[PDB]
>>> print(open('my_file.pdb').read())   # PDB, C-alpha atoms and all ligand atoms
ATOM      1  CA  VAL A   3      31.172  44.225  19.566  1.00  0.00           C
ATOM      2  CA  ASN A   4      28.772  42.254  21.785  1.00  0.00           C
ATOM      3  CA  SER A   5      26.612  39.131  21.493  1.00  0.00           C
ATOM      4  CA  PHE A   6      23.217  40.857  21.198  1.00  0.00           C
ATOM      5  CA  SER A   7      21.586  39.746  17.939  1.00  0.00           C
ATOM      6  CA  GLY A   8      18.652  40.959  15.877  1.00  0.00           C
ATOM      7  CA  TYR A   9      18.154  44.343  17.542  1.00  0.00           C
ATOM      8  CA  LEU A  10      16.893  47.456  15.796  1.00  0.00           C
ATOM      9  CA  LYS A  11      19.089  50.482  16.501  1.00  0.00           C
ATOM     10  CA  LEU A  12      17.056  53.407  17.807  1.00  0.00           C
ATOM     11  CA  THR A  13      19.908  55.770  18.741  1.00  0.00           C
ATOM     12  CA  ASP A  14      23.666  55.805  19.245  1.00  0.00           C
ATOM     13  CA  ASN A  15      23.252  53.694  22.395  1.00  0.00           C
ATOM     14  CA  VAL A  16      19.685  52.264  22.528  1.00  0.00           C
ATOM     15  CA  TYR A  17      18.661  49.058  20.757  1.00  0.00           C
ATOM     16  CA  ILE A  18      15.294  47.274  20.775  1.00  0.00           C
ATOM     17  CA  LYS A  19      14.007  43.794  19.963  1.00  0.00           C
ATOM     18  CA  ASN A  20      10.770  41.824  20.256  1.00  0.00           C
ATOM     19  CA  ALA A  21      11.992  39.174  22.685  1.00  0.00           C
ATOM     20  CA  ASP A  22      11.216  37.514  25.996  1.00  0.00           C
ATOM     21  CA  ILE A  23      13.808  38.995  28.351  1.00  0.00           C
ATOM     22  CA  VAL A  24      14.030  35.623  30.116  1.00  0.00           C
ATOM     23  CA  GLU A  25      14.878  33.723  26.936  1.00  0.00           C
ATOM     24  CA  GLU A  26      17.141  36.548  25.791  1.00  0.00           C
ATOM     25  CA  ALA A  27      19.076  36.487  29.073  1.00  0.00           C
ATOM     26  CA  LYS A  28      19.464  32.695  29.042  1.00  0.00           C
ATOM     27  CA  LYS A  29      20.930  32.948  25.521  1.00  0.00           C
ATOM     28  CA  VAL A  30      23.139  36.031  25.844  1.00  0.00           C
ATOM     29  CA  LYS A  31      24.124  35.740  29.525  1.00  0.00           C
ATOM     30  CA  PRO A  32      24.696  39.512  29.672  1.00  0.00           C
ATOM     31  CA  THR A  33      26.787  41.227  32.295  1.00  0.00           C
ATOM     32  CA  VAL A  34      23.647  42.984  33.574  1.00  0.00           C
ATOM     33  CA  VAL A  35      19.963  42.127  33.245  1.00  0.00           C
ATOM     34  CA  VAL A  36      17.536  44.714  34.617  1.00  0.00           C
ATOM     35  CA  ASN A  37      14.569  43.589  36.688  1.00  0.00           C
ATOM     36  CA  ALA A  38      11.344  45.604  36.940  1.00  0.00           C
ATOM     37  CA  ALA A  39      11.402  45.446  40.736  1.00  0.00           C
ATOM     38  CA  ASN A  40       9.286  46.835  43.566  1.00  0.00           C
ATOM     39  CA  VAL A  41      10.684  48.318  46.782  1.00  0.00           C
ATOM     40  CA  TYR A  42      10.204  45.044  48.683  1.00  0.00           C
ATOM     41  CA  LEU A  43      11.828  42.945  45.935  1.00  0.00           C
ATOM     42  CA  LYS A  44       8.704  40.750  45.895  1.00  0.00           C
ATOM     43  CA  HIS A  45       8.969  39.199  42.444  1.00  0.00           C
ATOM     44  CA  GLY A  46       5.421  38.015  41.922  1.00  0.00           C
ATOM     45  CA  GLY A  47       4.334  38.965  38.420  1.00  0.00           C
ATOM     46  CA  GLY A  48       5.218  40.855  35.302  1.00  0.00           C
ATOM     47  CA  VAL A  49       8.878  40.845  34.353  1.00  0.00           C
ATOM     48  CA  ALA A  50       9.925  40.306  37.976  1.00  0.00           C
ATOM     49  CA  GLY A  51       7.728  37.252  38.441  1.00  0.00           C
ATOM     50  CA  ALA A  52       9.001  35.807  35.160  1.00  0.00           C
ATOM     51  CA  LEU A  53      12.695  36.415  35.877  1.00  0.00           C
ATOM     52  CA  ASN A  54      12.415  34.912  39.351  1.00  0.00           C
ATOM     53  CA  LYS A  55      10.681  31.779  38.024  1.00  0.00           C
ATOM     54  CA  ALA A  56      13.561  31.224  35.592  1.00  0.00           C
ATOM     55  CA  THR A  57      15.986  31.206  38.568  1.00  0.00           C
ATOM     56  CA  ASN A  58      13.915  28.505  40.309  1.00  0.00           C
ATOM     57  CA  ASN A  59      13.104  31.097  43.059  1.00  0.00           C
ATOM     58  CA  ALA A  60      16.793  31.694  43.895  1.00  0.00           C
ATOM     59  CA  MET A  61      16.323  35.372  43.008  1.00  0.00           C
ATOM     60  CA  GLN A  62      13.521  35.637  45.592  1.00  0.00           C
ATOM     61  CA  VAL A  63      15.562  33.866  48.290  1.00  0.00           C
ATOM     62  CA  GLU A  64      18.488  36.239  47.726  1.00  0.00           C
ATOM     63  CA  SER A  65      16.136  39.224  47.621  1.00  0.00           C
ATOM     64  CA  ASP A  66      14.447  38.349  50.919  1.00  0.00           C
ATOM     65  CA  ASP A  67      17.838  38.250  52.619  1.00  0.00           C
ATOM     66  CA  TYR A  68      18.722  41.607  51.034  1.00  0.00           C
ATOM     67  CA  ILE A  69      15.518  43.232  52.347  1.00  0.00           C
ATOM     68  CA  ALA A  70      15.905  41.686  55.805  1.00  0.00           C
ATOM     69  CA  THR A  71      19.338  43.336  56.031  1.00  0.00           C
ATOM     70  CA  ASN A  72      18.782  46.639  54.230  1.00  0.00           C
ATOM     71  CA  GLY A  73      15.068  47.412  54.204  1.00  0.00           C
ATOM     72  CA  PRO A  74      13.076  48.417  51.139  1.00  0.00           C
ATOM     73  CA  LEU A  75      14.456  50.234  48.140  1.00  0.00           C
ATOM     74  CA  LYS A  76      13.334  53.721  47.186  1.00  0.00           C
ATOM     75  CA  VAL A  77      10.981  54.266  44.282  1.00  0.00           C
ATOM     76  CA  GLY A  78      13.418  55.380  41.594  1.00  0.00           C
ATOM     77  CA  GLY A  79      16.220  53.417  43.254  1.00  0.00           C
ATOM     78  CA  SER A  80      18.033  50.178  42.566  1.00  0.00           C
ATOM     79  CA  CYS A  81      20.307  47.508  43.930  1.00  0.00           C
ATOM     80  CA  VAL A  82      22.751  45.111  42.285  1.00  0.00           C
ATOM     81  CA  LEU A  83      22.262  41.435  43.125  1.00  0.00           C
ATOM     82  CA  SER A  84      23.243  38.165  41.473  1.00  0.00           C
ATOM     83  CA  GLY A  85      22.079  37.389  37.964  1.00  0.00           C
ATOM     84  CA  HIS A  86      21.869  33.678  38.897  1.00  0.00           C
ATOM     85  CA  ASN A  87      21.619  31.510  35.735  1.00  0.00           C
ATOM     86  CA  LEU A  88      20.503  34.476  33.605  1.00  0.00           C
ATOM     87  CA  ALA A  89      23.306  37.066  33.768  1.00  0.00           C
ATOM     88  CA  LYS A  90      26.348  37.960  35.824  1.00  0.00           C
ATOM     89  CA  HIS A  91      24.365  40.586  37.758  1.00  0.00           C
ATOM     90  CA  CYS A  92      20.750  41.642  38.094  1.00  0.00           C
ATOM     91  CA  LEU A  93      20.108  45.360  38.510  1.00  0.00           C
ATOM     92  CA  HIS A  94      16.768  45.563  40.351  1.00  0.00           C
ATOM     93  CA  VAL A  95      15.291  48.957  39.413  1.00  0.00           C
ATOM     94  CA  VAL A  96      12.089  50.350  40.921  1.00  0.00           C
ATOM     95  CA  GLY A  97      10.085  52.335  38.418  1.00  0.00           C
ATOM     96  CA  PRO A  98       6.974  54.082  39.755  1.00  0.00           C
ATOM     97  CA  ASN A  99       3.826  51.916  39.769  1.00  0.00           C
ATOM     98  CA  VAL A 100       0.995  54.076  38.415  1.00  0.00           C
ATOM     99  CA  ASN A 101      -1.503  51.550  39.759  1.00  0.00           C
ATOM    100  CA  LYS A 102      -0.198  52.618  43.219  1.00  0.00           C
ATOM    101  CA  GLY A 103      -0.355  56.392  42.644  1.00  0.00           C
ATOM    102  CA  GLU A 104       3.413  56.909  42.394  1.00  0.00           C
ATOM    103  CA  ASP A 105       4.860  59.981  40.688  1.00  0.00           C
ATOM    104  CA  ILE A 106       5.810  59.426  37.045  1.00  0.00           C
ATOM    105  CA  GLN A 107       8.585  62.030  37.327  1.00  0.00           C
ATOM    106  CA  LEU A 108      10.420  59.292  39.249  1.00  0.00           C
ATOM    107  CA  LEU A 109      10.754  57.312  36.011  1.00  0.00           C
ATOM    108  CA  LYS A 110      13.740  59.449  34.992  1.00  0.00           C
ATOM    109  CA  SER A 111      15.433  58.772  38.342  1.00  0.00           C
ATOM    110  CA  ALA A 112      14.800  55.053  37.812  1.00  0.00           C
ATOM    111  CA  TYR A 113      16.456  55.090  34.388  1.00  0.00           C
ATOM    112  CA  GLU A 114      19.457  57.025  35.760  1.00  0.00           C
ATOM    113  CA  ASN A 115      20.485  53.823  37.552  1.00  0.00           C
ATOM    114  CA  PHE A 116      21.269  52.311  34.143  1.00  0.00           C
ATOM    115  CA  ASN A 117      24.106  54.831  33.666  1.00  0.00           C
ATOM    116  CA  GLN A 118      26.173  52.998  36.297  1.00  0.00           C
ATOM    117  CA  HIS A 119      26.572  50.058  33.876  1.00  0.00           C
ATOM    118  CA  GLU A 120      28.273  50.175  30.490  1.00  0.00           C
ATOM    119  CA  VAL A 121      25.914  47.648  28.826  1.00  0.00           C
ATOM    120  CA  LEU A 122      22.535  46.298  29.968  1.00  0.00           C
ATOM    121  CA  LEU A 123      19.560  44.209  28.900  1.00  0.00           C
ATOM    122  CA  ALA A 124      16.369  45.814  30.160  1.00  0.00           C
ATOM    123  CA  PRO A 125      12.586  46.137  29.971  1.00  0.00           C
ATOM    124  CA  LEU A 126      10.780  49.427  29.662  1.00  0.00           C
ATOM    125  CA  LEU A 127      10.497  50.658  33.223  1.00  0.00           C
ATOM    126  CA  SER A 128       7.002  51.121  34.629  1.00  0.00           C
ATOM    127  CA  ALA A 129       5.461  49.405  31.581  1.00  0.00           C
ATOM    128  CA  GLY A 130       3.237  46.345  31.730  1.00  0.00           C
ATOM    129  CA  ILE A 131       1.571  45.860  35.109  1.00  0.00           C
ATOM    130  CA  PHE A 132       3.243  49.010  36.479  1.00  0.00           C
ATOM    131  CA  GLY A 133       0.656  50.933  34.461  1.00  0.00           C
ATOM    132  CA  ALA A 134       2.692  53.601  32.639  1.00  0.00           C
ATOM    133  CA  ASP A 135       2.564  54.329  28.908  1.00  0.00           C
ATOM    134  CA  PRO A 136       5.338  52.237  27.276  1.00  0.00           C
ATOM    135  CA  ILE A 137       5.818  54.883  24.563  1.00  0.00           C
ATOM    136  CA  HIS A 138       6.629  57.374  27.308  1.00  0.00           C
ATOM    137  CA  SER A 139       8.905  54.858  29.047  1.00  0.00           C
ATOM    138  CA  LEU A 140      10.906  54.383  25.843  1.00  0.00           C
ATOM    139  CA  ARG A 141      11.194  58.178  25.469  1.00  0.00           C
ATOM    140  CA  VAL A 142      12.463  58.762  29.033  1.00  0.00           C
ATOM    141  CA  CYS A 143      14.874  55.870  28.492  1.00  0.00           C
ATOM    142  CA  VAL A 144      16.303  57.415  25.323  1.00  0.00           C
ATOM    143  CA  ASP A 145      16.574  60.846  26.935  1.00  0.00           C
ATOM    144  CA  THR A 146      18.145  59.568  30.193  1.00  0.00           C
ATOM    145  CA  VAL A 147      20.297  56.490  29.568  1.00  0.00           C
ATOM    146  CA  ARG A 148      23.711  57.215  28.051  1.00  0.00           C
ATOM    147  CA  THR A 149      25.192  53.730  28.375  1.00  0.00           C
ATOM    148  CA  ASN A 150      24.393  50.941  25.909  1.00  0.00           C
ATOM    149  CA  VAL A 151      20.912  49.568  26.586  1.00  0.00           C
ATOM    150  CA  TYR A 152      19.281  46.632  24.802  1.00  0.00           C
ATOM    151  CA  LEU A 153      15.534  46.647  25.325  1.00  0.00           C
ATOM    152  CA  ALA A 154      13.636  43.357  25.173  1.00  0.00           C
ATOM    153  CA  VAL A 155       9.920  43.902  24.496  1.00  0.00           C
ATOM    154  CA  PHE A 156       7.781  40.833  25.109  1.00  0.00           C
ATOM    155  CA  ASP A 157       4.586  41.842  23.314  1.00  0.00           C
ATOM    156  CA  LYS A 158       4.949  41.812  19.531  1.00  0.00           C
ATOM    157  CA  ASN A 159       2.074  44.238  19.012  1.00  0.00           C
ATOM    158  CA  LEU A 160       3.647  46.645  21.497  1.00  0.00           C
ATOM    159  CA  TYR A 161       7.088  46.315  19.904  1.00  0.00           C
ATOM    160  CA  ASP A 162       5.678  47.227  16.493  1.00  0.00           C
ATOM    161  CA  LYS A 163       3.868  50.231  17.975  1.00  0.00           C
ATOM    162  CA  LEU A 164       7.009  51.387  19.801  1.00  0.00           C
ATOM    163  CA  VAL A 165       9.143  51.228  16.656  1.00  0.00           C
ATOM    164  CA  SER A 166       6.566  52.819  14.353  1.00  0.00           C
ATOM    165  CA  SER A 167       5.910  55.711  16.758  1.00  0.00           C
ATOM    166  CA  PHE A 168       9.533  56.405  17.717  1.00  0.00           C
ATOM    167  CA  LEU A 169      10.726  59.936  17.013  1.00  0.00           C
TER     168      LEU A 169
HETATM  169  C1  LIG B   1       7.831  37.169  30.435  1.00  0.00           C
HETATM  170  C2  LIG B   1       8.083  38.644  30.180  1.00  0.00           C
HETATM  171  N1  LIG B   1       9.250  38.887  29.454  1.00  0.00           N
HETATM  172  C3  LIG B   1       9.340  40.304  29.293  1.00  0.00           C
HETATM  173  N2  LIG B   1      10.382  40.842  28.627  1.00  0.00           N
HETATM  174  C4  LIG B   1      10.307  42.174  28.569  1.00  0.00           C
HETATM  175  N3  LIG B   1       9.345  42.985  29.100  1.00  0.00           N
HETATM  176  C5  LIG B   1       8.319  42.369  29.758  1.00  0.00           C
HETATM  177  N4  LIG B   1       7.294  43.199  30.320  1.00  0.00           N
HETATM  178  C6  LIG B   1       7.390  44.637  30.607  1.00  0.00           C
HETATM  179  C7  LIG B   1       6.634  45.576  29.568  1.00  0.00           C
HETATM  180  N5  LIG B   1       7.153  45.361  28.217  1.00  0.00           N
HETATM  181  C8  LIG B   1       6.242  44.581  27.435  1.00  0.00           C
HETATM  182  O1  LIG B   1       6.409  44.237  26.282  1.00  0.00           O
HETATM  183  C9  LIG B   1       5.029  44.258  28.297  1.00  0.00           C
HETATM  184  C10 LIG B   1       5.080  45.267  29.464  1.00  0.00           C
HETATM  185  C11 LIG B   1       4.489  44.648  30.760  1.00  0.00           C
HETATM  186  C12 LIG B   1       4.308  46.534  29.085  1.00  0.00           C
HETATM  187  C13 LIG B   1       8.243  40.942  29.911  1.00  0.00           C
HETATM  188  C14 LIG B   1       7.448  39.867  30.472  1.00  0.00           C
HETATM  189  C15 LIG B   1       6.181  39.952  31.228  1.00  0.00           C
HETATM  190 CL    CL B   2       6.526  43.863  34.276  1.00  0.00          CL
END
>>> encode(input="my_file.pdb", output="structure tokens")
Amino acid sequence: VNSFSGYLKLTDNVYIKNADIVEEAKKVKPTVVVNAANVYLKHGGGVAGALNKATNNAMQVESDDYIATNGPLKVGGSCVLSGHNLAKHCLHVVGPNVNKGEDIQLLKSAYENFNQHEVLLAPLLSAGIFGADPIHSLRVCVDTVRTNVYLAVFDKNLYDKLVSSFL
């Protein structure tokens, strides 16, 4: 049993809810919140910009130190950093950005990072301003993630479409 409330069960291990991941994290304080990151951990917009704002820019400060030490992530890669006031940990995962020409086959590699954590709160990778089809992102998620993933979908219209089209 966990504290996630109001989710629709899609599969054995995947759950979905129309919710702002920021407000959901502040309420649940999960062990792991997933950020829709880029390789430079520049959290300007989309989910990343929103999560960072909720930490009062502490996420960005920590991220800049991480990059100064380690260099950029790989597309499809991830790193674990602090969850600040939102979660114990933040798993920064780089889905491919279609508006940059990045290979969509890397979306599966991106979701594989979730399997290193028993339970996570997460957005659909490469959705929103990353330019991929959210229906496809949900499908890759279901077919790749084996640990327990709670998806927060901000847009109500999109959430309804994702549920009604789910096979
Ligand atoms: C403030 C905020 N909270 C979120 N919580 C979950 N997902 C988010 N966006 C990623 C993709 N999922 C969507 O519904 C829209 C999308 C960009 C296609 C967000 C955002 C921008
Ligand atoms: Cl986003």
>>> residues_around(input="my_file.pdb", residues="residue 116 (chain A)", least_positions_apart="4", cutoff="9 Å", atoms="all atoms listed in the file", output="ChimeraX atom specification")
/A:36,93,95,112,120-122,146-151
>>> closest_atom_pairs(input="my_file.pdb", of="chain A", to="ligand CL 2 (chain B)", cutoff="12 Å", atoms="all atoms listed in the file", output="CSV")
residue,atom,partner,partner_atom,distance
A:22,CA,B:CL2,CL,11.4
A:23,CA,B:CL2,CL,10.6
A:24,CA,B:CL2,CL,11.9
A:36,CA,B:CL2,CL,11.0
A:37,CA,B:CL2,CL,8.4
A:38,CA,B:CL2,CL,5.8
A:39,CA,B:CL2,CL,8.2
A:40,CA,B:CL2,CL,10.1
A:45,CA,B:CL2,CL,9.7
A:46,CA,B:CL2,CL,9.7
A:47,CA,B:CL2,CL,6.8
A:48,CA,B:CL2,CL,3.4
A:49,CA,B:CL2,CL,3.8
A:50,CA,B:CL2,CL,6.2
A:51,CA,B:CL2,CL,7.9
A:52,CA,B:CL2,CL,8.5
A:53,CA,B:CL2,CL,9.8
A:54,CA,B:CL2,CL,11.9
A:95,CA,B:CL2,CL,11.4
A:96,CA,B:CL2,CL,10.8
A:97,CA,B:CL2,CL,10.1
A:98,CA,B:CL2,CL,11.6
A:99,CA,B:CL2,CL,10.1
A:124,CA,B:CL2,CL,10.8
A:125,CA,B:CL2,CL,7.8
A:126,CA,B:CL2,CL,8.4
A:127,CA,B:CL2,CL,7.9
A:128,CA,B:CL2,CL,7.3
A:129,CA,B:CL2,CL,6.3
A:130,CA,B:CL2,CL,4.8
A:131,CA,B:CL2,CL,5.4
A:132,CA,B:CL2,CL,6.5
A:133,CA,B:CL2,CL,9.2
A:134,CA,B:CL2,CL,10.6
A:136,CA,B:CL2,CL,11.0
A:154,CA,B:CL2,CL,11.6
A:155,CA,B:CL2,CL,10.4
A:156,CA,B:CL2,CL,9.7
A:157,CA,B:CL2,CL,11.3
>>> closest_residue(input="my_file.pdb", among="A:109, A:3, A:165, A:12", to="residue 152 (chain A)", atoms="all atoms listed in the file")
A:12
>>> axis_aligned_box(input="my_file.pdb", around="ligand LIG 1 (chain B)", padding_each_side="4 Å", output="JSON")
{"center_x": 7.3, "center_y": 41.9, "center_z": 28.8, "size_x": 14.1, "size_y": 17.4, "size_z": 12.9}
>>> resolve_selection(input="my_file.pdb", expression="the PyMOL selection byres (((chain A and resi 82) around 8) and not hetatm)", output="list in words")
residues 80, 81, 83, 84, 91, 92, 93 and 94 of chain A
>>> closest_residue(input="my_file.pdb", among="A:115, A:139, A:59, A:33", to="ligand LIG 1 (chain B)", atoms="only C-alpha atoms and all ligand atoms")
A:139
>>> resolve_selection(input="my_file.pdb", expression="the PyMOL selection byres (((chain A and resi 19) around 6) and not hetatm)", output="list in words")
residues 9, 18, 20, 21 and 154 of chain A
>>> write_last_selection(input="my_file.pdb", atoms="C-alpha atoms", output="PDB file, in the coordinates of the input")
ATOM      1  CA  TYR A   9      18.154  44.343  17.542  1.00  0.00           C
ATOM      2  CA  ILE A  18      15.294  47.274  20.775  1.00  0.00           C
ATOM      3  CA  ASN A  20      10.770  41.824  20.256  1.00  0.00           C
ATOM      4  CA  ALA A  21      11.992  39.174  22.685  1.00  0.00           C
ATOM      5  CA  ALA A 154      13.636  43.357  25.173  1.00  0.00           C
TER       6      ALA A 154
END
>>> atom_distance(input="my_file.pdb", atom1="CA of residue 62 (chain A)", atom2="CA of residue 110 (chain A)")
26.1 Å
>>> atom_distance(input="my_file.pdb", atom1="CA of residue 60 (chain A)", atom2="CA of residue 29 (chain A)")
18.9 Å
>>> atom_distance(input="my_file.pdb", atom1="CA of residue 61 (chain A)", atom2="CA of residue 114 (chain A)")
23.0 Å
>>> closest_residue(input="my_file.pdb", among="A:163, A:119, A:11, A:158", to="ligand LIG 1 (chain B)", atoms="only C-alpha atoms and all ligand atoms")
A:158
>>> closest_residue(input="my_file.pdb", among="A:169, A:106, A:56, A:88", to="ligand LIG 1 (chain B)", atoms="all atoms listed in the file")
A:56
>>> closest_residue(input="my_file.pdb", among="A:10, A:137, A:70, A:34", to="residue 86 (chain A)", atoms="all atoms listed in the file")
A:34
>>> closest_residue(input="my_file.pdb", among="A:26, A:145, A:14, A:64", to="ligand LIG 1 (chain B)", atoms="all atoms listed in the file")
A:26
>>> residues_around(input="my_file.pdb", residues="residue 74 (chain A)", least_positions_apart="5", cutoff="7 Å", atoms="all atoms listed in the file", output="JSON, numbers by chain")
{"A": [41, 42, 69]}
>>> decode(input="my_file.pdb", residues="region 48-105 of chain A", atoms="C-alpha atoms", output="mmCIF file, in the first residue's frame")
data_model
loop_
_atom_site.group_PDB
_atom_site.id
_atom_site.type_symbol
_atom_site.label_atom_id
_atom_site.label_comp_id
_atom_site.auth_asym_id
_atom_site.auth_seq_id
_atom_site.Cartn_x
_atom_site.Cartn_y
_atom_site.Cartn_z
ATOM 1 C CA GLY A 48 7.705 22.217 -19.484
ATOM 2 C CA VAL A 49 7.748 19.820 -16.560
ATOM 3 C CA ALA A 50 11.380 20.666 -15.783
ATOM 4 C CA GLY A 51 10.754 24.402 -15.602
ATOM 5 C CA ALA A 52 7.724 23.810 -13.379
ATOM 6 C CA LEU A 53 9.464 21.406 -10.987
ATOM 7 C CA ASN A 54 12.452 23.714 -10.611
ATOM 8 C CA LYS A 55 10.228 26.722 -9.842
ATOM 9 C CA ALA A 56 8.567 24.764 -7.026
ATOM 10 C CA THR A 57 12.026 24.226 -5.448
ATOM 11 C CA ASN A 58 12.705 27.987 -5.522
ATOM 12 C CA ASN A 59 15.537 27.284 -8.057
ATOM 13 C CA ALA A 60 17.386 24.925 -5.675
ATOM 14 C CA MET A 61 17.021 22.147 -8.260
ATOM 15 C CA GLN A 62 18.798 24.322 -10.850
ATOM 16 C CA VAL A 63 21.605 25.260 -8.437
ATOM 17 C CA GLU A 64 22.215 21.591 -7.617
ATOM 18 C CA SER A 65 21.994 20.661 -11.297
ATOM 19 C CA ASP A 66 24.552 23.262 -12.384
ATOM 20 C CA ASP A 67 27.033 21.854 -9.881
ATOM 21 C CA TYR A 68 26.301 18.330 -11.149
ATOM 22 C CA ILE A 69 26.988 19.340 -14.775
ATOM 23 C CA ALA A 70 30.127 21.289 -13.856
ATOM 24 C CA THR A 71 31.501 18.101 -12.271
ATOM 25 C CA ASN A 72 30.182 15.395 -14.594
ATOM 26 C CA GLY A 73 29.322 16.962 -17.940
ATOM 27 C CA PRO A 74 26.052 16.471 -19.796
ATOM 28 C CA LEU A 75 23.852 13.421 -19.570
ATOM 29 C CA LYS A 76 23.224 11.148 -22.531
ATOM 30 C CA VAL A 77 19.938 11.265 -24.391
ATOM 31 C CA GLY A 78 18.193 8.223 -22.941
ATOM 32 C CA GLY A 79 20.179 8.563 -19.715
ATOM 33 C CA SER A 80 19.464 9.771 -16.211
ATOM 34 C CA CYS A 81 20.915 10.870 -12.917
ATOM 35 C CA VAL A 82 19.590 10.794 -9.358
ATOM 36 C CA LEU A 83 19.663 14.115 -7.509
ATOM 37 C CA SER A 84 17.809 15.551 -4.528
ATOM 38 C CA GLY A 85 14.040 15.805 -4.580
ATOM 39 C CA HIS A 86 14.268 19.017 -2.502
ATOM 40 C CA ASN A 87 10.839 19.897 -1.010
ATOM 41 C CA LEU A 88 9.006 17.677 -3.519
ATOM 42 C CA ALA A 89 10.311 14.124 -3.004
ATOM 43 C CA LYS A 90 13.203 12.267 -1.431
ATOM 44 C CA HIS A 91 14.959 11.985 -4.808
ATOM 45 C CA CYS A 92 14.515 13.385 -8.293
ATOM 46 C CA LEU A 93 15.353 11.052 -11.168
ATOM 47 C CA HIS A 94 16.273 13.374 -14.057
ATOM 48 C CA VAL A 95 15.552 11.384 -17.235
ATOM 49 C CA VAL A 96 16.386 12.625 -20.733
ATOM 50 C CA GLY A 97 13.808 11.559 -23.272
ATOM 51 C CA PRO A 98 14.561 12.429 -26.903
ATOM 52 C CA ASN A 99 13.404 15.912 -27.969
ATOM 53 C CA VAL A 100 11.736 15.527 -31.372
ATOM 54 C CA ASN A 101 11.955 19.290 -31.845
ATOM 55 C CA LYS A 102 15.761 18.718 -31.863
ATOM 56 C CA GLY A 103 15.790 15.775 -34.299
ATOM 57 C CA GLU A 104 16.612 13.116 -31.695
ATOM 58 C CA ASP A 105 15.866 9.446 -32.338
#
